[PDB]
Amino acid sequence: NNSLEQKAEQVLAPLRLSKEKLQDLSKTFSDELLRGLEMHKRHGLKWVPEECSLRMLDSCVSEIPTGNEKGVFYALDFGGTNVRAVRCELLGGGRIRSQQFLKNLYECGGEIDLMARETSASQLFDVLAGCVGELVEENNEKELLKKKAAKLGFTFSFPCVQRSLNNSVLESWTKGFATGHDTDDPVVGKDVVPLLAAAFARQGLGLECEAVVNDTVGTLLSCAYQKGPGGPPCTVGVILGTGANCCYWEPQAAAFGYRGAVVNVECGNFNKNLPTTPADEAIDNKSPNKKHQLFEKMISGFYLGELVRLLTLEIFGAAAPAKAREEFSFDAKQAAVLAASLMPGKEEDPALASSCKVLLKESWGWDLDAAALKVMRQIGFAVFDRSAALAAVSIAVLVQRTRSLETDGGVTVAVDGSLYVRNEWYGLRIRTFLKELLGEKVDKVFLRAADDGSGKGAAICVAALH
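Under full-length UniProt numbering, the first residue of the sequence shown carries the number 3, and numbering increases by one thereafter.
Structure, rendered in structure tokens:
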């Protein structure tokens, strides 16, 4: 204590980004976005990191829903071992009724590891197609779809090369997958849409995959449909969860060589003029993706707990608890408990502070005193508030680029992700920083929660084509 507060001040001040620092970062990010569009115009599918840290991927999505579309549309959500099939009744007026069927690929296939190098593409896609087929059968719909096929959107959350809305080639596996590597039937290097269509045909399923949809773009589309007809257009989509990403509607997309209008920025990798602190350097240095995802490493839930832990070690020194020396011993949910205790008009609320005391005892075995508890709360607040401020920078830059404020007098920003969904104050802090960045015209910016981009959003994508 006593000089604990001076040390906390010295360590935490670089995390408190002033309006001027946020405005400078916004300018840097805007310039980088333009560099990325010029990069796309010249290089197309080839990312040139030396020209731009933002991939600026063509989502190939051009048709934004009105909210009036009606019908039954399907989606397949394959982003790892937890596969989902989704069926959406679009009822008009922004209303959607959904069903889902879940498959855990670890427990699928008899004496066959679907993630293994010896498994063929056909075996994996048979299981994916069968997930959708189980949902079709729950609805007693197989014969109806034999008569008239249903449209399906495919969220395939792996590194891909996407030449058109319905053509996406797997560039390399991630997330522990190796399927097909040791077979004559690979997934890597193949367009996944014909693999899925072949699997549907083998099971007699009348589903036509018309889009491979990025989940951030799906979040934008989910919002666009479900806010209903009318209102300021949804031209920005943001995911603030375990990771962080954003997409937006680009008014000069055609001139820069895009087929779609919605650009998937891949802003997690933004790396220009970042307000780096020693804790950020430590997080990057021990990560498996050094010098990549540097913006995300300051924003997203995967890292906020690590930031609190490393700043705790830095500030408390020999007074830090032993468990704070263990990587990933403190997560973003726990950091949020700390940050919530210091949100506007809650600082002297005793119940929130008491939850903090219990938290630190349970997670770190730390029976700390009043002054130490106050400093821990300040650490958690500083980490989460910086996350909100940097998210606000991303949103403001994208809103400016859409020109929606100028052409439609308002903009709807679709937001999803655990940081925003779990913490009511997080979006409010985003709005405070958006006011700092944009002035009074933040009153024309509407943040709207948007659900299930990877499922609902992909079904909406294909519904908007017709």
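Yeah, the Cβ is synthetic: ideal placement off N, Cα and C, and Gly gets one too.
Does the distance from the CB of residue i to the CB of residue j come in under 7 Å?
i, j, result
"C269", "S396", "yes"
"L39", "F258", "yes"
"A393", "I432", "yes"
"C133", "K105", "yes"
"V265", "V63", "no"
"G382", "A341", "yes"
"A452", "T221", "yes"
"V163", "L56", "no"
"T237", "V413", "yes"
"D187", "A123", "yes"
"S224", "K458", "yes"
"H42", "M58", "yes"
"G239", "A391", "no"
"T68", "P231", "yes"
"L315", "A326", "yes"
Can you tell which of the options has its C-alpha closest to the C-alpha of residue i?
i, options, result
"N247", "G232, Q228, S302", "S302"
"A15", "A384, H45, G208", "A384"
"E53", "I317, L35, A416", "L35"
"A201", "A131, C225, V163", "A131"
"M117", "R86, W175, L430, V417", "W175"
"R37", "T414, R403, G382", "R403"
"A87", "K443, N141, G307", "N141"
"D387", "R119, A338, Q101, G319", "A338"
"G95", "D193, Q12, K72", "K72"
"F448", "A460, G429, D454", "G429"
"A460", "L92, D26, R18, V13", "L92"
"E109", "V85, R119, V401, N287", "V85"
"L400", "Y260, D184, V267, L147", "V267"
"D184", "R261, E120, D79", "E120"
"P277", "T68, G135, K299, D410", "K299"
"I241", "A372, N216, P231, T279", "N216"
"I114", "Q101, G182, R97, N70", "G182"
Compute the Euclidean distance between the alpha carbons of residue i and residue j, then round it to the nearest angstrom.
i, j, result
"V138", "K144", "6 Å"
"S20", "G155", "42 Å"
"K376", "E364", "17 Å"
"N169", "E7", "57 Å"
"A321", "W368", "10 Å"
"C90", "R99", "6 Å"
"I285", "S331", "14 Å"
"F103", "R165", "29 Å"
"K150", "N271", "43 Å"
"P234", "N4", "52 Å"
"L24", "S61", "28 Å"
"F127", "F160", "15 Å"
"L167", "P323", "52 Å"
"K153", "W366", "50 Å"
"residue 1", "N273", "In the structure as shown, the chain begins at 3 and stops at 468. Residue 1 is therefore absent and cannot be evaluated."
"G319", "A334", "22 Å"
"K359", "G81", "37 Å"
"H294", "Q125", "33 Å"
"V310", "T434", "22 Å"
"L172", "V423", "31 Å"
"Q228", "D454", "11 Å"
"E252", "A263", "6 Å"
"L17", "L313", "11 Å"
"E283", "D26", "21 Å"
"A199", "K192", "13 Å"
"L354", "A398", "31 Å"
Between residue i and residue j, which are expected to be in contact by the criterion C-beta below 8 Å, what is the C-beta distance as a whole number of angstroms?
i, j, result
"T157", "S456", "4 Å"
"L197", "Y76", "Not quite, the Cβ-Cβ distance comes to about 17 Å (not below 8 Å), so this is no contact."
"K437", "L407", "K437 to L407, Cβ: 14 Å. No contact."
"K9", "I462", "So it is not a contact: roughly 51 Å between Cβ atoms."
"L361", "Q380", "Between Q380 and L361 the Cβ distance is about 15 Å, and since that is not below 8 Å, they are no contact."
"residue 534", "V195", "The structure shown does not extend to residue 534, since the chain is modelled only from 3 through 468, so no value can be given for it."
"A180", "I66", "Contact doesn't hold; Cβ gap of about 37 Å is too wide."
"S28", "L439", "6 Å"
"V129", "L147", "The Cβ separation is near 19 Å, so there is no contact."
"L78", "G135", "Contact flag wrong, Cβ pair sits at about 11 Å."
Does the beta carbon of residue i fall short of 6 Å from some heavy atom of the ligand FMN?
i, result
"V219", "Absence of the ligand FMN is noted for the structure shown, with no ligands found whatsoever."
Please give the ranges of any alpha helix (DSSP H) in the region 208 to 271, keeping only runs that are unbroken, at least 4 residues long and fully inside the region.
217 to 228
Report the start-end ranges of each alpha helix (DSSP H) in the region 22 to 74 that is 4 residues or longer and not cut off at the edges.
none
Secondary structure, alpha helix (DSSP H): runs of 4+ residues fully inside the region 107 to 149:
Taking only runs of at least 4 residues, the alpha helix (DSSP H) segments lying wholly in the region 107 to 149 are 123 to 140, 144 to 149.
Sequence ranges, beta strand (DSSP E) only - wholly within the region 310 to 355, length at least 3:
none
Kindly provide the ranges of any beta strand (DSSP E) runs that are 3 or more residues long and lie completely inside the region 377 to 458, ordered along the chain.
Complete beta strand (DSSP E) runs here, min 3: 413 to 418, 447 to 451.
Every unbroken alpha helix (DSSP H) within the region 166 to 206, with a cutoff of 4 residues, ordered by chain:
194 to 204
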